[PDB]
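Trainee: Mind having a look at this structure? Questions to follow.
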Amino acid sequence: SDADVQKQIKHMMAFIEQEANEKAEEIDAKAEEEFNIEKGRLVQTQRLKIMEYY
Amino acid sequence: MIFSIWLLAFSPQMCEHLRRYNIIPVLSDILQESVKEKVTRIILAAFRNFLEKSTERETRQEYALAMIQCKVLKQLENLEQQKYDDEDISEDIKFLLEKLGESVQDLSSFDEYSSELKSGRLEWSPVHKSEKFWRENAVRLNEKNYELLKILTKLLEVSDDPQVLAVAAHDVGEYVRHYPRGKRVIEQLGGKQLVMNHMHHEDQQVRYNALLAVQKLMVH
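Taken in sequence, the protein lines are chains E and Y.
So for the first sequence, the numbering used here puts the first residue at 43; every next one is plus one.
So for the second sequence, the numbering used here puts the first residue at 811; every next one is plus one.
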């Protein structure tokens, strides 16, 4: 019983740490993706308005 | 004695006040335990006086609902099917069946769970056990300034019954499962501490439901 509950608690701890590492991996990836998207859209929009004014 | 209660119930002002004696359960017990013609009639008379003389709508609803928490309406249908020769039985049965025919709709809500909490009758009941309730309503544990959470927390704090404790841990498990912000609310109320202590409860049913609640609380 109670040592095997502690084994299950250790499996739960491993799942918690693993899925926390996956959430860090996902959010760090989606940060760099949305940096590429937002920078690219923002420069390309303003650059093209300047191009027509001149 | 129920004739004495029927006579007490003649005044609206008495019906507003008589609620604190918890009298509807003892009449409802005798209404199941004693089919005697006189006893049947004077309970129907007492119940009709309590409900019909309640000019306060809250008090009228409360007498109709207390009879429905005692499930009197089903026994009134049993007594409608039973042979009685008296109109003062028959017509007061049909009166109460109509009025309790309101409050049966109130109770037979998910609020059969609300009443099980309010009365402290926590059990492995169909409304505790069924997913549909939580899946459609789990957020409601925050109602009436967190009253249902406060009840479950108090029961997990001071109940002696491992069924109540395990049922309450299951209720917390499904609350967090079906309402994600409920995790934050249990964490803000500190109710988790009770569940984490009951991991070492003397009952394996409590320890299992406590672990299962800890799983549903901490594991995705």
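Yeah, the Cβ is synthetic: ideal placement off N, Cα and C, and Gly gets one too.
1) Excluding the five sequence neighbours on either side, which residues of its own chain have a C-beta within less than 8 angstroms of the C-beta of Y/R1017, listed in chain order?
2) Using the beta-carbon of each residue, which ones in chain E are nearer than 8 angstroms to Y/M1028?
3) Thinking C-beta only, is Y/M1006 closer than 8 angstroms to Y/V982?
4) Given this structure, state the Cα-to-Cα distance separating E/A73 from E/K81, to the nearest angstrom.
5) Going straight from the alpha carbon of E/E64 to that of Y/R987, what length do you get?
6) Just confirm the distance between the C-beta atoms of Y/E872 and Y/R829, as a whole number of angstroms; I'd bet it's less than 8 angstroms.
7) Is the Cβ of Y/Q842 closer than 8 angstroms to any Cβ of chain E?
8) Quick check on DSSP: helix, strand or coil for Y/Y923?
9) Extract the residue ranges of the alpha helix (DSSP H) inside the region 981-1015 of chain Y, only unbroken runs of 4 or more that lie entirely within it.
10) Expressed to the nearest angstrom, what Euclidean distance is found between the alpha-carbon atoms of Y/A978 and E/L84?
11) Which residues in the same chain as Y/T963 place their Cβ atom closer than 8 angstroms to its Cβ, once the five residues preceding and following it in sequence are excluded?
12) Could you have a look at Y/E843 and say whether DSSP puts it in helix, strand or coil?
13) Look up E/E74 in the DSSP assignment and say whether it is helix, strand or coil.
14) Within a Cβ cutoff of 8 angstroms, which residues of the same chain sit near Y/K993, ignoring the five residues on either side of it in sequence?
15) What span of residues does the alpha helix (DSSP H) with Y/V949 cover, start to end?
16) Can you give me, in chain order, the residues of the region 963-996 of chain Y that have a beta carbon less than 9 angstroms from any beta carbon in chain E?
17) Comparing alpha-carbon positions, which option in Y/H827, Y/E901, Y/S919, Y/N888 lies nearest Y/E843?
18) Rounded to whole angstroms, how far is the Cβ of Y/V914 from the Cβ of Y/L883, which I believe are closer than 8 angstroms?
19) Looking at chain Y, is there any beta carbon in it that lies within less than 8 angstroms of the beta carbon of E/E61?
20) Does DSSP classify Y/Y873 as helix, strand or coil?
21) For Y/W816 and Y/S838, what's the separation of their Cα atoms in angstroms?
22) So, are the CB atoms of Y/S918 and Y/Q879 less than 8 angstroms apart?
Mentor: To lay it out plainly:
1) By one-based count along the second sequence, residue 1017 of chain Y stands at place 207. Contacts found: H1008, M1009, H1010, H1011.
2) In the second sequence, counting from the first residue as 1, residue 1028 of chain Y sits at position 218. Under the 8 angstroms cutoff, chain E gives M54, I58.
3) Residue numbering aside, residue 982 of chain Y sits at position 172 when the second sequence is read from its first letter. Residue numbering aside, residue 1006 of chain Y sits at position 196 when the second sequence is read from its first letter. Their beta carbons are not under 8 angstroms apart, which means Y/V982 does not touch Y/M1006 by this criterion.
4) Taking the first residue of the first sequence as position 1, residue 73 of chain E is located at position 31. Taking the first residue of the first sequence as position 1, residue 81 of chain E is located at position 39. Cα to Cα, E/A73 sits roughly 12 angstroms from E/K81.
5) As a first step, residue 64 of chain E is located in the first sequence; it is residue number 22 there, counting from the start. As a first step, residue 987 of chain Y is located in the second sequence; it is residue number 177 there, counting from the start. Distance between the alpha carbons of E/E64 and Y/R987 is about 21 angstroms.
6) Locating residue 872 of chain Y in the second sequence gives position 62, counting from the first residue. Locating residue 829 of chain Y in the second sequence gives position 19, counting from the first residue. Sure, about 7 angstroms apart at Cβ, within 8 angstroms.
7) Along the second sequence, one-based indexing puts residue 842 of chain Y at 32. With 8 angstroms as the cut-off, Y/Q842 does not count as an interface residue toward chain E.
8) On the second sequence, residue 923 of chain Y is found 113 positions in, with the first residue counted as 1. Reduced to three states, the DSSP call for Y/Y923 is helix.
9) 991-999, 1002-1007
10) For this step, residue 978 of chain Y is matched to residue 168 along the second sequence. For this step, residue 84 of chain E is matched to residue 42 along the first sequence. Between Y/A978 and E/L84, the C-alpha separation is close to 53 angstroms.
11) To locate residue 963 of chain Y, count along the second sequence from 1; it is residue 153. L999, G1001, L1004.
12) As a working note, residue 843 of chain Y is residue 33 in the second sequence. Correct three-state label for Y/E843: helix.
13) Numbered from 1 along the first sequence, position 32 holds the residue referred to as residue 74 of chain E. If DSSP states are grouped into helix, strand and coil, E/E74 belongs with the helices.
14) As a position in the second sequence, residue 993 of chain Y is number 183, starting the count at 1. Excluding residues within five positions, the ones whose Cβ falls inside 8 angstroms are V986, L1027.
15) Here residue 949 of chain Y is taken as the residue at index 139 of the second sequence, counted from 1. Per DSSP, Y/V949 belongs to no alpha helix (DSSP H) and is neither H nor E.
16) none
17) The count along the second sequence starts at 1 and reaches residue 843 of chain Y at position 33. Comparing Cα positions, the closest option is Y/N888.
18) By one-based count along the second sequence, residue 914 of chain Y stands at place 104. By one-based count along the second sequence, residue 883 of chain Y stands at place 73. Their Cβ separation, rounded to whole angstroms, is 6 angstroms, which keeps Y/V914 and Y/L883 in contact under 8 angstroms.
19) By one-based count along the first sequence, residue 61 of chain E stands at place 19. So, interface residue.
20) As a position in the second sequence, residue 873 of chain Y is number 63, starting the count at 1. It is helical.
21) Start at 1 with the first residue of the second sequence, and residue 816 of chain Y comes out as number 6. Start at 1 with the first residue of the second sequence, and residue 838 of chain Y comes out as number 28. Y/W816 and Y/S838: Cα-Cα distance of roughly 14 angstroms.
22) Along the second sequence, read from residue 1 onward, the residue named residue 918 of chain Y stands at position 108. Along the second sequence, read from residue 1 onward, the residue named residue 879 of chain Y stands at position 69. It is not a contact, given that the beta carbons lie outside the stated cut-off.
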